[PDB]
Amino acid sequence: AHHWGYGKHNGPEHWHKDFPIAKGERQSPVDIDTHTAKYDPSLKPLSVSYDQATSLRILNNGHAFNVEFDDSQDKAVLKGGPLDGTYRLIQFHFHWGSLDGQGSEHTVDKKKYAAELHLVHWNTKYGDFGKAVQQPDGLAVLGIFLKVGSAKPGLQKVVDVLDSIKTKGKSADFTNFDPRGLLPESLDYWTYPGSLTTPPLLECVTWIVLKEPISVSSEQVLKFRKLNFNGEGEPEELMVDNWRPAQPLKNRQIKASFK
Ligand SMILES: NS(=O)(=O)c1ccc(NS(=O)(=O)c2ccc(Br)cc2)cc1
Ligand SMILES: [Zn+2]
């Protein structure tokens, strides 16, 4: 929260001046070295229960767009995997590039994907999101890579509403959206302890990154790139390259759910 962003003058290399935890011990994203991630047979299958999810609204917040969910009841929850307890879906958003060769935050053996989807969940034992982010096990973020190829039919409703939220601070009703249509076939994953990838960079996230990317079309991601970072009536700055690069792994282990 302030004047941070993704420009030359306010981008990721500057964030540490207002948010010193930027240089902390469990920062995200990271590069996932697939040959050093260890298979952990003690990890449980992931439980994604989105049947009763209630989307409400879509918001251009000046950094990305968020699809927000009603999190006032146990609808839409993530459980299992590396997690203890129940985590409730609050929002999802994406990070993406100016070109198809960059845009993801996590990388896989240094490969950058065109974009990355983050489904954000908070641990119900802390009562609400604001309290959860103050805890080392407060959030679980499910990360899904996007590659450019075939269209993702379940993404199109999101793509088509973006015209109505071009600029920072615009929102639109966005009810009855089913986030199951954004998942890949397999729920095989890597997991590690990390942080929010934007300020305030709080070290409160269990990351769960799916191995299988989803495919989206070139036309779908091109529409992401028509969004604006700026507000209405301000100089147009295309919302592109809203990703933080990989951060040092430090004293962490990345675990794989699969052999
Ligand atoms: N990219 S990411 O790691 O999935 C991510 C997720 C949620 C946030 N939420 S937030 O920092 O914008 C935020 C923090 C506290 C409160 Br209260 C509300 C929003 C930031 C980054
Ligand atoms: Zn994110």
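Using ideal geometry, Cβ is built from the backbone for each residue, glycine included, and neighbour counts are taken over all protein chains shown. Only the coordinates and a few stated rules stand behind these numbers; no lab work does.
Observations
- Verdict on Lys125 being away from ligand 1 (no atom under 16 Å from the Cβ) and not in a loop (DSSP other than H, G, I, E, B): yes
- Verdict on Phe94 being closer than 22 Å to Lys226 by Cβ, within 16 Å of ligand 2 (Cβ to nearest atom) and aromatic (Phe, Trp, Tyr): yes
- Any hit, segment 182-194, residues being under 18 Å from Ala132 (Cα atoms), within 16 Å of ligand 2 (Cβ to nearest atom) and hydrophobic (A, V, I, L, M, F, W, C): no
- Residue pairs whose Cβ atoms lie under 6 Å apart, separated by 6 or more positions or on different chains, with the first residue in segment 129-145 and more than 15 Å from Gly85 (Cβ to Cβ) and touching a residue at least 60 places away in the same chain (Cβ under 8 Å) and the second in a loop (DSSP other than H, G, I, E, B) and more than 15 Å from ligand 2 (Cβ to nearest atom), are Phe145/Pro213.
- For first residues located in segment 100-116 and farther than 20 Å from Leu155 by Cβ and away from ligand 2 (no atom under 13 Å from the Cβ), partners that are assigned to a loop (DSSP other than H, G, I, E, B) and of a type outside the set (D, E, K, R) and lie 6+ apart or on another chain with Cβ distances below 6 Å form the pairs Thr107/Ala246; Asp109/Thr34.
- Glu25 being out of contact with any strand residue (DSSP E or B) (no Cβ under 6 Å at 6 or more places or on another chain), over 30 Å from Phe224 (Cα atoms) and of a type in the set (D, E, K, R): yes
- Qualifying residues in segment 71-108 (those that are within 16 Å of ligand 1 (Cβ to nearest atom) and of a type in the set (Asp, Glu)) - the one nearest to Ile144 (Cα to Cα): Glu105
- One residue stands out in segment 82-115 among those that are among the hydrophobic types (A, V, I, L, M, F, W, C) and assigned to a loop (DSSP other than H, G, I, E, B): the one that is surrounded by the fewest Cβ atoms within 10 Å (Cβ to Cβ), namely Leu99.
- Strands (runs of 3 or more DSSP E) fully within segment 32-81 counting 1 or more residues that are surrounded by 21 or more Cβ atoms within 10 Å (Cβ to Cβ), touching a residue at least 40 places away in the same chain (Cβ under 8 Å) and of a type in the set (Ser, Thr, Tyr): 55-60
- Considering segment 225-248, and only residues there that are in a loop (DSSP other than H, G, I, E, B) and hydrophobic (A, V, I, L, M, F, W, C), the residue that is nearest to the chain's Cα centre (by Cα) turns out to be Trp243.
- Pick from segment 170-201, criterion surrounded by fewer than 21 Cβ atoms within 10 Å (Cβ to Cβ) and either without any contact (Cβ under 8 Å) to a residue 40 or more places away in the chain or part of a helix (DSSP H, G or I) (or both), ranking: nearest to ligand 1 (Cβ to nearest atom): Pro179
- The listed residue being touching a residue at least 40 places away in the same chain (Cβ under 8 Å), surrounded by 13 or more Cβ atoms within 10 Å (Cβ to Cβ) and under 28 Å from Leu182 (Cα atoms), out of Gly24, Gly5: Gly5
- Residue check for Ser164: free of Cβ contacts under 8 Å to residues at least 12 places away in the same chain and either surrounded by 13 or more Cβ atoms within 10 Å (Cβ to Cβ) or within 16 Å of ligand 2 (Cβ to nearest atom) (or both): yes
- A count restricted to segment 23-47 and to residues that are in contact with a helix residue (DSSP H, G or I) (Cβ under 9 Å, 6 or more places away or on another chain) and farther than 27 Å from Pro200 by Cβ stands at 0.
- If you go through segment 128-141 and keep only what is more than 9 Å from ligand 1 (Cβ to nearest atom) and closer than 26 Å to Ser215 by Cα, you end up with just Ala140.
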